[PDB]
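These are the residues of each chain, in order.
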Amino acid sequence: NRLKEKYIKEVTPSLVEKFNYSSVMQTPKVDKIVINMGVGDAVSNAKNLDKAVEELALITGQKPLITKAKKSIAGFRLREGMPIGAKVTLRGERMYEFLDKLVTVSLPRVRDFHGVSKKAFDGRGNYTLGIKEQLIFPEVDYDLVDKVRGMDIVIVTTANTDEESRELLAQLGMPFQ
Amino acid sequence: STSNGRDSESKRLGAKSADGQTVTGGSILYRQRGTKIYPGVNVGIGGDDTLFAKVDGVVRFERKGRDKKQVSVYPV
Amino acid sequence: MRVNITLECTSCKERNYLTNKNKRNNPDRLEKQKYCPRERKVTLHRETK
Amino acid sequence: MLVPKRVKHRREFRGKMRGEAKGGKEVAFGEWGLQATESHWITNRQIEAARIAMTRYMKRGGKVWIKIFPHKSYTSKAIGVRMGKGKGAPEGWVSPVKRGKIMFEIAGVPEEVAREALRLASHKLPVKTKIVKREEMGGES
Amino acid sequence: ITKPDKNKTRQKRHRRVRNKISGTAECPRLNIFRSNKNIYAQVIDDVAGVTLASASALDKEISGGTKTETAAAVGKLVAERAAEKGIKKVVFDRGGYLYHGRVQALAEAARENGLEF
RNA sequence: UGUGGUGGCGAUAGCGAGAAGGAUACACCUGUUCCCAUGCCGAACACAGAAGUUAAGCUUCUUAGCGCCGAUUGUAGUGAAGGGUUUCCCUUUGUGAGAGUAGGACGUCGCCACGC
RNA sequence: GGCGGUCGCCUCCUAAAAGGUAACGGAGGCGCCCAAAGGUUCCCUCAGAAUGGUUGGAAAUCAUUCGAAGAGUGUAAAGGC
RNA sequence: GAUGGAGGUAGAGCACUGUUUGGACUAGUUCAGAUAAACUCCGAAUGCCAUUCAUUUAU
Ligand SMILES: [Zn+2]
């Protein structure tokens, strides 16, 4: 779609030269994108995962999973298997459209332009964004929203050393500092 | 004035036929809890892990790889 | 809550089996396809009211 | 008195010492040792009495290693009570010591202070003893 | 990330198929290999540890299609060739695959041309 | 011979470090029309393929750092037969460890297919 | 002797490397539960730790890398997996 | 007497669970040293079960 051209036409020559890759298999990629919502409020009101899921599906053409307890802790009134949050996974074209709407439309709606921190790379080459609310997107609306909540993002790639992903990630967008 | 004092009946577990002994079909070879010993050629397992012959032959206790044991029965 | 029970055949009316159930878990009557020895056949047996 | 935190069993058997030490028969951390030549039980109070006597004599400190720990409990019944019902209540702690075991170690102090201190510790104890030094290996400083 | 190889994940299922299936000389073992461009087949007895017949996908002379149709030819070939060696009573080891796709094609062709399963 | 497959034998067969290789084969890789699939996702499993590449798996070769297999002689115990106080200790005769070591070891045996 | 406790059944130690073995010896459980928590066919692999991530904190839920078992097994403990 | 076997005791060991002493360290793992009846990576002497076996003997 939009970036396969961009890879095979701007970036793969760059990255293949910057680290002197003897093969093109060696060039990193983007494998997944996984979205998280930590609700933690089906504890009280059962009608909270519902809105979380409505918003996340307004984003992407995909009904999200439902993550449950996985154990029972009394600090949060948790039994086992109390459905807590929802998640989504994105392959192929769902990833490039979503990255494009992240870099070119949605993200800059956030003010105080701190972009993306750099203590955010796991030490192995995958990256995780951060979002506080939901209003940052053109798929969301004004009134329908009722809570200030936002979503976690993780972008996983095939890279050994962090800096390789640093470049392969800035080169496609994601306006770092 | 003690609160101990109770036990259960002994169960007579162990080996009921020897290595190198000839045996007729159906005879018990070993009573156990769980598989301490495993079943081999021409031997079955019961409902509570007892091992029995299926065929008449001689009994041979062997070694199952590195850390397990086997019983087999071999007809003449 | 657990109660012993009898399942009765539905064509020849012979009580062929004895079994269990929990009657706050299963409120209605059990129903199984069991071999009926009088007719030498598999038949719908049902629990005696 | 030394006491084990958190035992797993409240009572246990006693026997059967049958002397010969299984473990530390050489000096490990100090320069001088106190080795038992008979086999006996040694209690909390005997160890503390010996330790206090040994440390008081060494003005300017030095260092002292106690190498014997009471793991095993006692029990006992009371006067005026007939034989019969279950074990008594636990009263005490002990360690069994077999002949050969080194029990204390001292360093940082010349011979005579160390020898006098080990002499004063042994009169507090129910065993016969010797005094030993680190003798000869690949390296003994 | 580390994608695992598929061949080890199917060795791990093959070793559990084989706790039941095994082949003697009255009832040899019809095995199957399925690679990215072929499928193979051997007829194996295990007390002696040997092969009695075989047929391979695109090694010898099969072609006339390159859909699943390559498999049915191999099934028919091992059927004929094993009936040449006095063999009718084999047992089928799937490998670790499903009895579903182009392994089912080979198996079916085996059952039409001489081998009772 | 080389490679693919499928088997026996207690890892002496394993782990980690290092190199090399694409002849066929093995793989990664490319797609979702059709058989089938995701408690979301063609990721997997299923199928259609053959642009691209030896980077990763795979194969071969070097390495005794980690595991594994370890003798010999000395002890500890203990069958029989005897002696002191009998808590415990000792002497004859037979058996003999666990530790700790000298050494071994980077597999060995077999069937099928194709290529040289 | 009385008062106190105990009286059937299961698991461990005592128990002396087959089986068996006392004491008002040392420790615990049972008098049920499950219509699936039974049968069978396919498929799967755990507990933790470290790193990042908005609410969210040590610890709910996401991603990666180490991880032979340090988990689970309706219910006591042993033997098994 | 010879040959095969089942089994965890006397040792002694710290891989697993309890109990425990010194030292280095750091997050803000390590080096040594002990110990056990209900601990075990290990493991005897003897006893026990067998055998178309052998030599004496009489059950
Ligand atoms: Zn009827």
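Residues numbered from 1 in each chain as written, not as in the entry; some residues may be left out. Chains lettered and ligands numbered in written order. Part of a larger assembly, values for the part shown. Heavy atoms only, no water.

Structure determination for this PDB entry was carried out by cryo-EM, with a resolution of 2.9 Å recorded in the header.

Novice: Help me understand the overall build of chain D, please; the structure alone is not making it clear to me.
Specialist: Secondary structure assignment for chain D yields two helices and seven strands. In chain D, the succession of helices and strands from N to C terminus is β-β-α-β-β-β-β-α-β. By its C-alpha atoms, chain D is 60 × 30 × 30 Å across when sized along the principal axes. By the burial criterion, 30% of the 141 residues in chain D qualify as buried. The contacts of chain D with a sequence gap of at least 6 include a subset with a gap of at least 24, amounting to 82%. Of the roughly 10,000 Å² of accessible surface on chain D, 52% is carried by carbon and sulfur atoms. Charged side chains in chain D number 32 positive and 14 negative. The centres of these two groups are separated by 13 Å. (Helix = DSSP H or I, 4+ residues; strand = E, 2+ residues; numbered from the N terminus. Buried < 20%, exposed > 50% of the residue type's maximum accessible area, 1.4 Å probe, protein only. Contact = heavy atoms within 4.5 Å. Areas by Shrake-Rupley, 256 points an atom, 1.4 Å probe, with all protein chains shown as cover. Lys, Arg positive; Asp, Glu negative; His and termini not counted. Charge placed at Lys NZ, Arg CZ, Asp CG, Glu CD.)

Novice: So what exactly am I meant to see when it comes to unusual backbone geometry here?
Specialist: When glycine is set aside, most residues are seen to have a negative phi, and most peptide bonds are trans. Of the consecutive residues D:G15 and D:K16, the connecting peptide bond is found in the cis state with omega at 5 degrees. If you trace the backbone, D:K16 turns up in the segment before β1 (32-36). Backbone geometry places A:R77, a non-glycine residue, at a positive phi of 60 degrees. For A:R77, the location among the structural elements is in the loop between α2 (49-59) and β2 (86-90).

Novice: I'm lost on the packing of aromatic side chains in this one. Help?
Specialist: Here the distance between the centres and the angle between the planes together describe a pair of aromatic rings. Applying the stated criterion to the full structure yields ten aromatic pairs over all chains. Seen from their ring centres, A:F121 and A:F176 are 6.4 Å apart, and the 85 degrees between their planes marks the pair as edge-to-face. Placement of A:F121 in the loop between α3 (92-106) and β3 (127-128) and of A:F176 in the segment after α4 (162-170) is noted, with a sequence separation of 55 residues between them. Judged by centre distance (6.1 Å) and plane angle (50 degrees), the ring pair of A:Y127 and A:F176 falls under tilted. Here A:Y127, found in strand β3, pairs with A:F176, found in the segment after α4; they are 49 residues apart in sequence, far enough to count as distant. Judged by relative accessible area, which is 2%, A:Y127 ranks as buried. Cluster of aromatic residues (ring-pair linked, three or more members): A:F121, A:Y127 and A:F176. Between E:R111 and the ring centre of E:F117, over which it is positioned, the NZ or CZ distance is 4.8 Å. (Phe/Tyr/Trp six-rings, centres within 6.5 Å; stacked < 30°, edge-to-face > 60°. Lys NZ or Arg CZ within 6 Å of the ring centre and 35° of its normal.)

Novice: Can you walk me through the sheet that holds strand β8 (residues 68-74) of chain B in this structure?
Specialist: Strands in a sheet are paired, the pairing made by backbone hydrogen bonds, and the direction either parallel or antiparallel. All names here are of chain B. The mixed open sheet is built from four strands, whose spatial order is β2-β7-β8-β4. In this open sheet, the two edge strands, each paired with only one partner strand, are β2 (22-23) and β4 (37-39). Across two bridges, β2 lies against strand β7 (residues 57-64) in antiparallel orientation. Bridge pairing links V23 to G57 in β7. (Pairing = 2+ DSSP bridges.)

Novice: In this structure, what is going on with empty space enclosed by the protein? I would like to understand it.
Specialist: Any empty space left between atoms is shown by rolling a water-sized probe over those atoms. Residues and elements named next belong to chain D. Tallying each qualifying case throughout the model produces three cavities of 30 Å³ or more. A volume near 40 Å³ is recorded for the largest cavity. Residue lining of the largest cavity: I42, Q46, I47, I68, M103, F104 and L125, and that is the complete set. Only α1 (44-56) and β6 (102-107) provide two or more residues apiece to the lining of the largest cavity. (1 Å grid on protein atoms, 1.4 Å probe; cavity = no way out; pocket = protein on both sides within 12 Å on 5 of 7 lines; lining within 4 Å. Points joined across faces, edges and corners; volume = space filled by probe spheres on them.)

Novice: When you look at the nonpolar core in this model, what are you seeing that I'm missing?
Specialist: For soluble globular proteins, the rule of thumb is that nonpolar side chains tend to be buried together. Residues and elements named next belong to chain A. In terms of nonpolar packing, the biggest core is built from 35 residues, with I33, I35, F98, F137, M151 and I153 touching the most fellow members. Of all elements in the fold, only α1 (4-18), β1 (30-37), α2, β2, α3, β4 (152-157) and α4 reach the threshold of two or more residues within this core. Broken down by element, this core gets its largest block of residues, five residues, from α3. Contacts of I35, omitting those with residues within four sequence positions, involve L56, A86, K87, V88, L90, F98, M151, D152 and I153. (Core = buried A, V, L, I, M, F, W, Y, C linked by side-chain atoms within 4.5 Å.)

Novice: Looking at this model, I keep getting lost on the coordination of the zinc ion. Mind explaining?
Specialist: Six octahedrally arranged donors around a metal ideally form angles of 90 or 180 degrees; four tetrahedrally arranged donors ideally form angles of 109.5 degrees. Residue and element names in this part refer to chain C. Around the zinc ion, the protein contributes the donor atoms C9 (SG), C12 (SG), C36 (SG) and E39 (OE), which lie 2.0 to 2.7 Å from the metal centre. Its four donor atoms give the zinc ion angles of 84 to 128 degrees at the centre, a pattern that matches the irregular case. Of note, the donors binding the zinc ion are all from one chain and are spaced C-x2-C-x23-C-x2-E. Residue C9 is located in strand β1 (residues 5-9), and its partner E39 is located in the loop between β3 (31-36) and β4 (41-47); the two are separated by 30 residues in the primary sequence. (Donors = N, O, S within 2.8 Å, 3.2 Å for Na, K, Ca; no water. Tetrahedral: all angles 85-135°; square planar, octahedral: opposite > 155°, others 65-115°.)

Novice: What should I look at first to understand the pattern of salt bridges in this one?
Specialist: A side chain with one charge may pair with a side chain of the opposite charge, provided their charged atoms come close. All names here are of chain D. Within the structure shown, the criterion is met by 15 salt bridges over all chains. Salt-bridge contacts for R51 lead to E48; the nearest nitrogen and oxygen are separated by 3.6 Å. Residue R51 and its partner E48 are located together in helix α1, separated by three residues, close to a single helical turn. Overall, the relative accessible area of 33% leaves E48 in the partly exposed class. As a salt-bridge pair, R115 and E111 come within 3.2 Å of each other at their nearest N and O atoms. Linking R115 with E111, this pair stays in helix α2 (residues 111-122), spanning four residues, or about one helical turn. (Salt bridge = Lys/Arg side-chain N within 4 Å of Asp/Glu carboxyl O.)

Novice: Quick question: what am I supposed to make of the protein's contact with RNA strand G here?
Specialist: Neighbouring RNA strand G are 72 residues, the closest being A:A69, A:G150, A:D152, B:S8 and C:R2. In RNA strand G, the atoms that sit within 4 Å of the protein are 63% sugar and phosphate, with bases accounting for the remainder. A distance of 2.6 Å separates a phosphate oxygen of RNA strand G from a polar side-chain atom of B:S10. Between a phosphate oxygen of RNA strand G and a side-chain N or O atom of B:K11, the distance comes to 2.9 Å. Counting residues per element, the ones that place at least two in the surface near RNA strand G are β1 and β4 of chain A together with α1 (6-17) of chain E. Among the elements that make up the surface near RNA strand G, the one with the highest residue count is β1(A) (four residues). Residues that form the surface near RNA strand G fall into these classes: 21 nonpolar, 23 polar and 28 charged. (Near = heavy atom within 4 Å. Polar contact = N/O pair within 3.5 Å; in protein donor to acceptor, adjacent residues only side chain to side chain. Nonpolar A, V, L, I, M, F, W, Y, C, P; charged D, E, K, R; others polar.)

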